[PDB]
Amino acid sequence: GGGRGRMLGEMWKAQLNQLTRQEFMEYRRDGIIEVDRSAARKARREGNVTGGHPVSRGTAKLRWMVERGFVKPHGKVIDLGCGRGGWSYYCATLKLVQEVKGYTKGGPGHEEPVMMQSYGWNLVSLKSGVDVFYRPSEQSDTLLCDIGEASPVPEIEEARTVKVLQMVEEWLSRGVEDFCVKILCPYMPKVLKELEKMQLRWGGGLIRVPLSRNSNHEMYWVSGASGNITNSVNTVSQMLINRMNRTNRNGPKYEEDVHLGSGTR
């Protein structure tokens, strides 16, 4: 019905929605870790596919979790919503990974897989024109999913996140041992309910990647994490609201992007 208690994240969202463009502009990257993408923009302008520049900021995002042991890509990796291929190409550089298969929607308003020759590119298959929500599940050892379309209405993000979770349940049952699944809106009620069930069935925990922008509450359900989900989410909302109410902003902390090298494996 209506009149239910609200989570601390719902008010971060309501607050965010009442920010001016200027406040939004100054807040979204204040205090976050940001990768220097200048060289990657030149490599893109020049069609340089052997310089080791990732196709997106998603690569550095996944490296952060992998280097910290939150997810151990290995064997056969499937990448639902691969977009340009940032996660897929990064995984192909890992020793334990044997094969990477990426699926992405593509078309109008959606990113297309990019052809690159980063290290291990021969192990990467990226397919556009695949709506993962209608694809029958396949066997894999590592399941990755980064699908989360933002919206100003939390009820819309909520229904979208539950959709993603119900879908990965089909793929997790095909022998997956390691996973990393994006949770676009982890503070909504129907999401916390589905997440609690999903954690019970498959383990893992919710982490926040500091390279994420303050303009979103997205978190990642990774098999290498653990802990009460509510506390995990609330810690993030608390962090986000402290950053929103700052006046003196420091801007992002810049660090160097991932280098993917080149050559076949």
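Heads up: residue numbers just count along the shown sequence, starting at 1.
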83-91 versus 69-77 - which carries the larger mean C-alpha B factor in the record
69-77
With B-factors read from the PDB entry, the higher C-alpha mean of 234-242 and 54-62 is in 234-242
Return the residue from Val100, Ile183, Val153, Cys145 that has the highest Cα B-factor in the entry.
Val153
Determine which member of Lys197, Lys42, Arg213, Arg208 has the highest CA B-factor, using the values in the deposited entry.
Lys42
Among modelled residues of the same chain, the CA temperature factor third for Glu157:
middle
Check where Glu177 lands among this chain's C-alpha B-factors and tell me if it's the lowest, middle or highest third.
highest
Thinking about Cα B factors across the chain, which third does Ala225 belong to?
middle
Chain-relative C-alpha B factor for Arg29 (record values, thirds): the middle
